Amino acid sequence: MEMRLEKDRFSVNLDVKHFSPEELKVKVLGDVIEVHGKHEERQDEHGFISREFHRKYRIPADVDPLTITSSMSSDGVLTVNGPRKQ
């Protein structure tokens with residue numbers, strides 16, 4: 001989901017509730033945030049399921065890639081954020 005852009009901040013949210021933190025990987029390639037999620041076959045309420053996604057976000061030009069950080073909430077939302085340099 002969301003791509004919030006403040007004057008002095010940068011923040012993107014992603015609903016990854018089906019993936020455990022160990023099943024997710026975030027990589028910063030230049031000005032691109034890459035999020036990869038993959039989980040092997042798992043039983044759920046409906047049957048059995050495996051999933052995989054690869055999401056790419058464009059970072060604003062005024063954001064130092066080195067300052068990008070991330071976090072996961074209890075509600076399974078992944079947030080990637082960084083300070084704006086201007």
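None of the figures in this text is laboratory data; all of them are computed from the coordinates on show. Ideal geometry is used to build each Cβ from the backbone, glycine not excepted, and the neighbour counts take in all protein chains shown.
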Subset of the stretch 55-66, residues within 19 Å of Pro83 (Cα to Cα) and either part of a loop (DSSP other than H, G, I, E, B) or touching a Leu at 6+ places or on another chain (Cβ under 8 Å) (or both), comes to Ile59, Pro60, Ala61, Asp62, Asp64
Taking first residues from the stretch 58-76 that are over 22 Å from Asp15 (Cα atoms) and second residues anywhere that are assigned to a loop (DSSP other than H, G, I, E, B) and hydrophobic (A, V, I, L, M, F, W, C), the pairs with Cβ under 8 Å that are 6 or more apart or on different chains are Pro65/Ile59
Being in a loop (DSSP other than H, G, I, E, B) and either closer than 30 Å to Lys85 by Cα or among the charged types (D, E, K, R) (or both) narrows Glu52, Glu45, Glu41 down to just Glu45
I'd like to know if the stretch 31-45 contains one or more residues that are exposed (fewer than 15 other Cβ atoms within 10 Å of the Cβ), more than 16 Å from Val77 (Cα to Cα), in contact with a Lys or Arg (Cβ under 6 Å, 6 or more places away or on another chain) and not polar (S, T, N, Q). yes
Per the filter on the stretch 16-30, residues part of a strand (DSSP E or B) and surrounded by 13 or more Cβ atoms within 10 Å (Cβ to Cβ) are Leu24, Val26, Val28
Reported set for the stretch 1-14 where residues are in a strand (DSSP E or B) and either surrounded by 13 or more Cβ atoms within 10 Å (Cβ to Cβ) or touching a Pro at 6+ places or on another chain (Cβ under 9 Å) (or both) is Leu5, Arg9, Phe10, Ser11, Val12, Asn13, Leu14
When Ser11 is run through (1) of a type in the set (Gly, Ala, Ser); (2) within 29 Å of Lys85 (Cβ to Cβ); (3) without any contact (Cβ under 8 Å) to a residue 60 or more places away in the chain, the failure sits at (3)
